[PDB]
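None of the figures in this text is laboratory data; all of them are computed from the coordinates on show. Cβ sites come from the backbone with ideal geometry, for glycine too, and all protein chains shown count toward neighbours.
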Amino acid sequence: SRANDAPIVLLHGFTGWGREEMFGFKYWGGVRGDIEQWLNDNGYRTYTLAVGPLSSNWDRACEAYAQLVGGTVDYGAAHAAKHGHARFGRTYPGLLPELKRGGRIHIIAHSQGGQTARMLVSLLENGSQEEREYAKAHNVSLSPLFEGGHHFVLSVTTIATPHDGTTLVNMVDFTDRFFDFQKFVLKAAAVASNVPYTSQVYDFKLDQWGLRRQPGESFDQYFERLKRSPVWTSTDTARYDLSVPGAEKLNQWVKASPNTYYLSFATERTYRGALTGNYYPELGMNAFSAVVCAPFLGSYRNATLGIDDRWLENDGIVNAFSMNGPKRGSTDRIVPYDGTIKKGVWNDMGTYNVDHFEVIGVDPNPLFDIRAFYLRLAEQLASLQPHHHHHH
Ligand SMILES: [Ca+2]
Ligand SMILES: [Zn+2]
């Protein structure tokens, strides 16, 4: 039963927004309802983070930290100089000031949020040697996130995360297809992309890059500006971290903490053609994933890059193979769940038959008991022991 009372913190992917955005239409729950509310109602204290959807995992980590303890976002001086964006971002009140006094949390992340979560846990525990060295050499201030020694995260649970990247980034037309998912979520929320709404609606939180939707500019128009901006052309981007090479790079330094439990859930919404060996999208998958993305994922091979048949199964957006945990460029160990959740390693909870967006309720799927899924997940997280004694 319950063994800890750590609060749960939700974290989105390359799409996502705060509770007040999209006129209330939740990322965590979508057409289903409000996941956070379900958990709160059932006795699992839960909060939601909202960071930059298209920003680099690093940026997102920095934003999350600030968002969790309060203060002004500090991306790190070395980092900011390297990538040419602002050092300081937006300020936050802090959702959980208790973290500054011994508290702990469980992070439940979806999609790219799993990469963010892992990076956050890595920075909190080990800081950034680079950031630390730069401060000493240049006399600049240093964010507590880069010092090391924080123990805030009891667990990290990922759902449909591209731990090893996604080959979707290899599509010749990825640029346009990816932003189309930005239009999709807008459509799910009943928001048009060809309208210059005066209300913010969906804030990409690109304060470091000094980009924002301007008066008279629809999302469609904005997206075209973004495609040409550094949030799309730089290596300090979600675009980069999402790619197979990018994820590998990340995995080479973002390691599982021995003091944290990691759980992984994979998603699949495809079938295998008996003659092609390819995978095809199942009935029920959103049109934005099914037309050109799912088929590309289910048929794209590249032997030099090491994309083989194992990678074809997918959830319309990410290759299932890349979800159970980091593998490419990683020293992290993955163990198939057996009824016991082990600390400091990836507990592969298996593959669920739900698509990238049906898993968080953004796309309907009446056959998927979303409430049960999340309640069972919470139940599991609340049963983890912050201190596991060794035994026979
Ligand atoms: Ca569906
Ligand atoms: Zn950055």
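Label point 7 Å out from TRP253 along Cα-to-Cβ: which residues of the stretch 111-139 have amide N under 17 Å?
Residues passing the 17 Å test: 115-137.
Taking amide hydrogens as modeled 1.01 Å from N in the peptide plane, which residues meet the under 5 Å criterion relative to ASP348, leaving out close sequence neighbours?
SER264, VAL335, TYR337
Excluding residues fewer than 8 places away in the same chain, name every one of the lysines whose C-alpha is closer than 22 Å to that of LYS342.
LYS255, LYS327
Hey, in the GNM for the chain with a 10 angstrom Cα cutoff, which one of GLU268, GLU63, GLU130 fluctuates hardest?
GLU130
Run the simple label-point estimate for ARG90 and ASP5 please: 7 Å along Cα→C-beta, distance reported in nm.
So the label points at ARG90 and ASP5 sit 3.2 nm apart.
Multiplying the sequence separation of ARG371 and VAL195 by 0.36 nm and subtracting their Cα-Cα distance, what value in nm do you get?
Stretched out fully, the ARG371 to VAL195 stretch lengthens by 60.0 nm.
In percent, how large is the relative contact order of the stretch 8-383, given Cα pairs closer than 8 Å and 6 or more residues apart?
In percent, rounded to a whole number, it is 19.
Given the options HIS163, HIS110, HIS85, state which has the largest fluctuation in a GNM of the chain using a 10 Å cut-off (strictly under) for Cα springs.
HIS85
Expected output is a single nm value to one decimal: the length gained when fully extending between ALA287 and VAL31, i.e. 0.36 nm times separation in residues minus the C-alpha distance. What is it?
Gain in length upon complete extension: 90.5 nm.
Around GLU224, what is the net charge, scoring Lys/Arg as +1 and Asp/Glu as -1 over all other residues with Cβ under 11 Å from its Cβ?
0
Starting from the Cα of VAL172, move 7 Å in the Cα-to-Cβ direction to define the label point; list residues of the stretch 277-302 whose amide nitrogen is under 18 Å from there.
Counting backbone N atoms under 18 Å from the label point, the list is 292-302.
When the chain is fully extended, how far beyond the present Cα-Cα distance does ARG212 get from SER234, taking 0.36 nm per residue of separation?
6.2 nm
Based on Cβ point charges of +1 for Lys and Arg and -1 for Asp and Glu, what charge dipole magnitude is obtained for the chain about its Cα centre, in debye rounded to the nearest 20?
The calculated dipole for the chain is roughly 540 debye.
So which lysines can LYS227 reach, going by Cα to Cα under 26 Å and dropping same-chain residues fewer than 8 places off?
Within the straight-line limit of under 26 Å, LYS227 reaches these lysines: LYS26, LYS82, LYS183, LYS187, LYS205, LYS249.
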